[PDB]
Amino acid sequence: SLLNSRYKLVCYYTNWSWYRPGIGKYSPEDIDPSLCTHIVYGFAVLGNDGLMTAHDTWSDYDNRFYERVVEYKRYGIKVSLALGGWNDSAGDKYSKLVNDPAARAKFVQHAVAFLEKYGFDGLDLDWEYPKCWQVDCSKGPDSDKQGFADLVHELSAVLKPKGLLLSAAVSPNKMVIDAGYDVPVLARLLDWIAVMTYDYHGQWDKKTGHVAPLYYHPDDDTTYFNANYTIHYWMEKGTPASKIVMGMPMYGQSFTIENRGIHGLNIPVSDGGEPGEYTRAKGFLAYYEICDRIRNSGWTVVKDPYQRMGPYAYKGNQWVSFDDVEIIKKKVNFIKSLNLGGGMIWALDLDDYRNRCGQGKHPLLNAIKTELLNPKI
């Protein structure tokens, strides 16, 4: 059992995975409580009044999704509420919050009251990101860095005496870490730091690449866009290994390549991949969408034999990179070799939780659990 091991397994739950057809539908009651130590609810958002509020009142309040996920505290799981996420981070509203001490002070007392109203064990900060709003470092003032660290302090100072948790999901990008994160404050005050060691590559690159390389690979354009560098950078900036939980994607980045004859790594790309039937977003595919394309639509799989990264798969002008059970066992032995706090997945509902592909229910997340519980490194 994961609850009696030295590792965390932090699972993100997403309230919008309810709005999916057929087998893609995911509800609170689909959470498998033997697969996580911590569940993080994505996402609450920052309202116009500068206070945390439900992103989707229909599901969160009227259909009691908050209460239905906080349910799993009954199995010994810690359930936190995440604030922010990519789409809530598009503007300046978090920056206006953290640069204003009176707004932070109001925000903080209300936030803790919100968490306790619904029974949450903690808060997860997912502002993407201080200074580099949606990764654009020219957007935010440098004082976002100190503002966010002061927010984290002011949150910790009220949460910690109550026994409540404070964590954050943070960029894997060297440039964002340098510009927006006061790493020693974060490392000292957070119960864990969920490093989002994925989305290194995607349609924005105008070229094919892997969503989540583990190690540097010789054809890479940078030495720093891989989990191994990102994890060592966080520790080098001052993070104790035990605070790091390493992010792993349950989904793939998809691309439309510019001609179907070329189909390897780093080949030109005109757009994101075609949207999946269930996730309905150009540019990505859930693992259960990918594994079905491979098993039944004849997509070809190319594994990396050096095992610096997971596979990619292509058909015609469609190309997707993703993690398979093999690279995940490698990532988890890596987690164990560095004595990291544990692993994190984005997200429960993107793994093959219905066993649509014949490898078992939740093949990726079971692979993580099994490797985390295996004593050999």
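Note that residue numbering follows the sequence shown and begins at 1.
Asks: Higher average CA B factor in the deposited record is what I'm after, so tell me if that's 193-201 or 302-310.
Replies: Result of the comparison: 302-310.
Asks: Comparing 165-173 with 206-214, which has the greater mean CA B-factor as deposited?
Replies: Higher mean C-alpha B-factor in the PDB entry: 206-214.
Asks: Whose CA atom has the top B-factor in the entry, of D121, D100, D150, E277?
Replies: Each of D121, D100, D150, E277 was compared by C-alpha B-factor; the highest is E277.
Asks: Go through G42, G341, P28, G316 one by one and give the residue whose Cα B-factor in the PDB entry is largest.
Replies: Of the candidates given, the C-alpha B-factor peaks at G316.
Asks: Among the modelled residues of this chain, does the Cα B factor of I77 put it in the lowest, middle or highest third?
Replies: Lowest third of the chain for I77's C-alpha B-factor.
Asks: Relative to the other modelled residues of the same chain, rank the CA B-factor of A54 and answer lowest, middle or highest third.
Replies: Tercile = middle for this residue's CA B-factor.
Asks: Of the three thirds of its chain by CA temperature factor, lowest, middle or highest, which one includes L348?
Replies: Its C-alpha B-factor belongs to the lowest third of this chain's values.
Asks: How does the C-alpha B factor of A367 compare with the rest of the chain: lowest, middle or highest third?
Replies: Ranked within chain, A367 CA B lands in the middle tercile.
Asks: Where does the C-alpha B-factor of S138 rank in its chain, lowest, middle or highest third?
Replies: It belongs to the highest third of the chain when residues are ordered by C-alpha B-factor.
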